[PDB]
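> One structure, pasted below without further comment.
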Amino acid sequence: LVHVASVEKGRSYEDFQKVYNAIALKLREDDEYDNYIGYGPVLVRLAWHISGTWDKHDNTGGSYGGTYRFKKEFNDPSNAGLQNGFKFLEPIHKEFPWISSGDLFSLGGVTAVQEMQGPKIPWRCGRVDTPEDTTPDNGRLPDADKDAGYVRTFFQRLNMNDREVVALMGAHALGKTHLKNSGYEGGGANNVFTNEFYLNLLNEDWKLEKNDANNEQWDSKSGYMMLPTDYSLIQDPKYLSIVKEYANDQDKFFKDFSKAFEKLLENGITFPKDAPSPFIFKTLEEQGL
Ligand code: HEM
Ligand SMILES: Cc1cnc2ccccc2c1N
């Protein structure tokens, strides 16, 4: 099963910079969402969930086909809460109806990372909408109540190794869990991309507690939380070494996250030899906007 990137007809960097800018300006504007967190973190999670359905074994799922727009995937219990991200992107799609759904969802995640002061994430266009019958079944996204071995095995299906997994998990610096979405609660309210997830893991005094949904999570008296799968990164000695590395080197974390996130958003896509190079979009701040 082959998905060949096909550039939206006649479009080039400047077109996609315009879409980036529209997303970024709306991120600035709609600042009240989720107790003033803003839409940045949910857009990152949306880009990951539309990509994280991929299966390397048969090339099903993945960001290419934009299948989150269909009911089966939109209604996946694992995706509860992401409708807010979809709704945010609706007026962007109405203004730029030529962009494919997979390109829009993945670009939303790139734009959010960068606008939240994260690393630059090179991004490639050319995902093409596929029909409703290509929508992956529910159950391909990961459970949070599990251990390091589960996490490691899970991510092999996405062709990610230990360093890639630990780097990607650093996105849990962003946003928060919501009891009604996932059965986990808390995590404060950060909307600036940093390596703080790793600092929090190593430096806080963690207690294993039950939340109001009767699920276990790790809590600190400072008011932070970690999912069982988050905490597994310091329980496993291979993951712990990498956590320590990222806790001690912001730039390395940024560079490794950028690579892993681009890879995640491109899994399953065949780029022709004569496709455009990846685009690196300027932030609003870089443009003086
Ligand atoms: C073992 C892997 C992972 C598990 C089990 C997991 C689980 C979760 C859970 C349960 C939530 C809370 C959802 C809610 O209540 O609203 C969440 C939020 C989030 N996840 Fe993950 N996640 C994983 C990996 C990732 C990855 C790889 C990324 C992106 C690179 C990511 C990005 C985020 C973001 C940004 C949020 C916050 C969303 C918000 O504030 O609305 N997650 N994740
Ligand atoms: C501090 C922390 C830890 N884990 C998280 C998992 C998902 C989303 C946000 C998180 C978060 N802010």
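Chain identifiers are assigned as A, B, and so on, following the order in which chains appear in the structure tokens; residues are numbered from 1 within each chain, and ligands are numbered from 1 in order of appearance.
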Hey, could you make a per-residue contact list for stretch 96-164 of chain A against stretch 228-237 of chain A with 7 Å as the cut-off, showing the nearest pair of atoms and its distance in Å to one decimal, counting only C-alpha atoms, sorted by chain and number, as CSV?

residue,atom,partner,partner_atom,distance
A:144,CA,A:229,CA,5.3
A:145,CA,A:228,CA,5.3
A:146,CA,A:229,CA,5.6
A:147,CA,A:232,CA,5.5
A:148,CA,A:232,CA,4.9
A:151,CA,A:229,CA,6.9
> May I have the residues within 12 Å of residue A:250 as a ChimeraX atom specification, using only C-alpha atoms and disregarding those fewer than 2 positions away in the same chain?
/A:118-119,167,170,193-199,243-248,252-257
> Taking N, CA and C atoms for each residue, export the selection above as a tab-separated table (two decimals), in the first residue's frame.

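Saved the output as again08.tsv:
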chain	number	residue	atom	x	y	z
A	118	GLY	N	8.83	26.46	20.57
A	118	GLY	CA	9.48	25.17	20.41
A	118	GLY	C	10.48	25.22	19.25
A	119	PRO	N	11.04	24.07	18.89
A	119	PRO	CA	11.96	24.02	17.76
A	119	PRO	C	11.22	24.25	16.45
A	167	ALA	N	11.98	11.47	23.33
A	167	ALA	CA	11.88	12.85	22.79
A	167	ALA	C	10.41	13.22	22.54
A	170	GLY	N	8.29	14.33	25.49
A	170	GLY	CA	8.49	15.67	26.01
A	170	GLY	C	7.39	16.66	25.66
A	193	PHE	N	6.74	25.62	25.00
A	193	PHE	CA	7.44	24.37	24.72
A	193	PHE	C	8.84	24.46	25.31
A	194	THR	N	9.13	23.58	26.28
A	194	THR	CA	10.44	23.53	26.94
A	194	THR	C	10.71	22.06	27.23
A	195	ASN	N	11.88	21.79	27.82
A	195	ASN	CA	12.22	20.46	28.31
A	195	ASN	C	11.77	20.20	29.72
A	196	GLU	N	10.78	20.92	30.20
A	196	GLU	CA	10.40	20.80	31.60
A	196	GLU	C	9.81	19.45	31.97
A	197	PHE	N	9.26	18.70	31.03
A	197	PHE	CA	8.75	17.37	31.36
A	197	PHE	C	9.82	16.52	32.01
A	198	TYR	N	11.04	16.59	31.49
A	198	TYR	CA	12.13	15.76	31.96
A	198	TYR	C	12.62	16.26	33.30
A	199	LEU	N	12.69	17.57	33.48
A	199	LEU	CA	13.08	18.17	34.78
A	199	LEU	C	12.07	17.77	35.83
A	243	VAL	N	16.06	10.48	29.44
A	243	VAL	CA	15.43	11.54	30.23
A	243	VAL	C	16.48	12.47	30.84
A	244	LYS	N	17.50	11.89	31.47
A	244	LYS	CA	18.56	12.69	32.03
A	244	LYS	C	19.29	13.55	31.00
A	245	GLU	N	19.52	12.98	29.83
A	245	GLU	CA	20.15	13.73	28.74
A	245	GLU	C	19.33	14.95	28.35
A	246	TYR	N	18.03	14.78	28.15
A	246	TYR	CA	17.19	15.90	27.74
A	246	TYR	C	16.98	16.92	28.84
A	247	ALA	N	16.96	16.45	30.10
A	247	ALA	CA	16.86	17.35	31.24
A	247	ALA	C	18.04	18.27	31.33
A	248	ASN	N	19.17	17.85	30.79
A	248	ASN	CA	20.43	18.55	30.87
A	248	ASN	C	20.89	19.23	29.59
A	252	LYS	N	19.59	19.84	22.61
A	252	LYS	CA	19.53	18.46	22.11
A	252	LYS	C	18.09	17.94	22.09
A	253	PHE	N	17.34	18.22	23.14
A	253	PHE	CA	15.94	17.86	23.17
A	253	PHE	C	15.21	18.50	21.98
A	254	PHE	N	15.41	19.79	21.77
A	254	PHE	CA	14.75	20.47	20.65
A	254	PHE	C	15.07	19.81	19.32
A	255	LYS	N	16.33	19.53	19.08
A	255	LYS	CA	16.74	18.96	17.80
A	255	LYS	C	16.17	17.54	17.63
A	256	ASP	N	16.20	16.75	18.70
A	256	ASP	CA	15.69	15.38	18.60
A	256	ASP	C	14.17	15.34	18.48
A	257	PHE	N	13.48	16.19	19.22
A	257	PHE	CA	12.03	16.31	19.08
A	257	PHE	C	11.65	16.70	17.65
> Apply DSSP to the structure's backbone, then extract all residues of stretch 30-256 of chain A labelled helix (DSSP H, G or I) and return them as a ChimeraX atom specification.
/A:33-36,40-51,67-69,71-74,77-79,83-95,101-115,132-134,148-156,162-173,179-182,196-203,228-235,237-247,250-256
> With only C-alpha atoms and all ligand atoms counted and 7 Å as the cut-off, give the residues of chain A in contact with ligand 1, each with its shortest interatomic distance in Å and the pair that gives it, as a tab-separated table.

residue	atom	partner	partner_atom_place_in_ligand_line	distance
A:41	CA	ligand 1	35 (C)	4.2
A:42	CA	ligand 1	41 (O)	4.1
A:44	CA	ligand 1	35 (C)	4.9
A:45	CA	ligand 1	32 (C)	4.3
A:48	CA	ligand 1	29 (C)	5.1
A:80	CA	ligand 1	16 (O)	6.9
A:81	CA	ligand 1	16 (O)	5.6
A:142	CA	ligand 1	5 (C)	4.9
A:143	CA	ligand 1	5 (C)	4.7
A:144	CA	ligand 1	5 (C)	3.7
A:151	CA	ligand 1	1 (C)	5.4
A:168	CA	ligand 1	30 (C)	4.5
A:169	CA	ligand 1	27 (C)	5.1
A:171	CA	ligand 1	30 (C)	4.9
A:172	CA	ligand 1	33 (C)	5.3
A:174	CA	ligand 1	35 (C)	5.0
A:175	CA	ligand 1	40 (O)	3.3
A:176	CA	ligand 1	40 (O)	4.2
A:177	CA	ligand 1	15 (O)	3.6
A:178	CA	ligand 1	15 (O)	3.6
A:179	CA	ligand 1	15 (O)	5.7
A:180	CA	ligand 1	15 (O)	6.8
A:181	CA	ligand 1	15 (O)	4.4
A:182	CA	ligand 1	15 (O)	4.2
A:183	CA	ligand 1	15 (O)	6.7
A:184	CA	ligand 1	15 (O)	6.0
A:185	CA	ligand 1	15 (O)	6.9
A:229	CA	ligand 1	1 (C)	5.6
A:261	CA	ligand 1	30 (C)	6.3
> Keeping C-alpha atoms, export the residues of the selection given above as a PDB file, in the first residue's frame.

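Dumped to part-v6.pdb:
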ATOM      1  CA  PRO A  41      -1.400  21.919  23.092  1.00  0.00           C
ATOM      2  CA  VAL A  42      -4.633  20.389  21.691  1.00  0.00           C
ATOM      3  CA  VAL A  44      -0.134  19.238  18.939  1.00  0.00           C
ATOM      4  CA  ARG A  45      -2.122  16.318  20.278  1.00  0.00           C
ATOM      5  CA  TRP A  48       0.027  13.241  16.883  1.00  0.00           C
ATOM      6  CA  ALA A  80     -11.948  12.614  23.155  1.00  0.00           C
ATOM      7  CA  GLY A  81     -11.251  16.334  23.380  1.00  0.00           C
ATOM      8  CA  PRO A 142      -1.778   4.028  23.203  1.00  0.00           C
ATOM      9  CA  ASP A 143      -3.126   3.337  26.660  1.00  0.00           C
ATOM     10  CA  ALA A 144      -1.797   5.463  29.539  1.00  0.00           C
ATOM     11  CA  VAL A 151       5.376   1.833  25.610  1.00  0.00           C
ATOM     12  CA  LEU A 168       8.247  12.675  21.601  1.00  0.00           C
ATOM     13  CA  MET A 169       6.986  12.289  25.171  1.00  0.00           C
ATOM     14  CA  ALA A 171       5.364  17.125  24.407  1.00  0.00           C
ATOM     15  CA  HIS A 172       3.745  16.319  27.748  1.00  0.00           C
ATOM     16  CA  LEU A 174       2.225  21.054  27.131  1.00  0.00           C
ATOM     17  CA  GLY A 175      -1.348  21.389  28.207  1.00  0.00           C
ATOM     18  CA  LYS A 176      -2.988  19.051  30.672  1.00  0.00           C
ATOM     19  CA  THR A 177      -5.093  15.979  31.183  1.00  0.00           C
ATOM     20  CA  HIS A 178      -8.839  16.405  31.582  1.00  0.00           C
ATOM     21  CA  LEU A 179     -10.793  13.870  33.652  1.00  0.00           C
ATOM     22  CA  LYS A 180     -13.782  13.876  31.328  1.00  0.00           C
ATOM     23  CA  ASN A 181     -11.631  13.154  28.255  1.00  0.00           C
ATOM     24  CA  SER A 182      -9.134  10.516  29.440  1.00  0.00           C
ATOM     25  CA  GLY A 183      -9.816   9.632  33.088  1.00  0.00           C
ATOM     26  CA  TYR A 184      -6.717  11.500  34.255  1.00  0.00           C
ATOM     27  CA  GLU A 185      -6.664  14.912  35.833  1.00  0.00           C
ATOM     28  CA  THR A 229       3.350   5.714  30.941  1.00  0.00           C
ATOM     29  CA  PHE A 261       7.922  14.844  15.231  1.00  0.00           C
TER      30      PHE A 261
END
> Go through stretch 47-269 of chain A and collect every residue that DSSP, computed from the backbone, puts in strand (DSSP E or B); the answer should be as a ChimeraX atom specification.
/A:55,60,123,175-177,186-190,206-210,216-220,225-226,269
> How many Å separate atom CA of residue A:131 from atom CA of residue A:65?
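Taking atom CA of residue A:131 as the start and atom CA of residue A:65 as the end point, the length is 7.8 Å.
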> Could you tell me how far atom CA of residue A:242 sits from atom CA of residue A:211, in Å to one decimal place?
28.6 Å
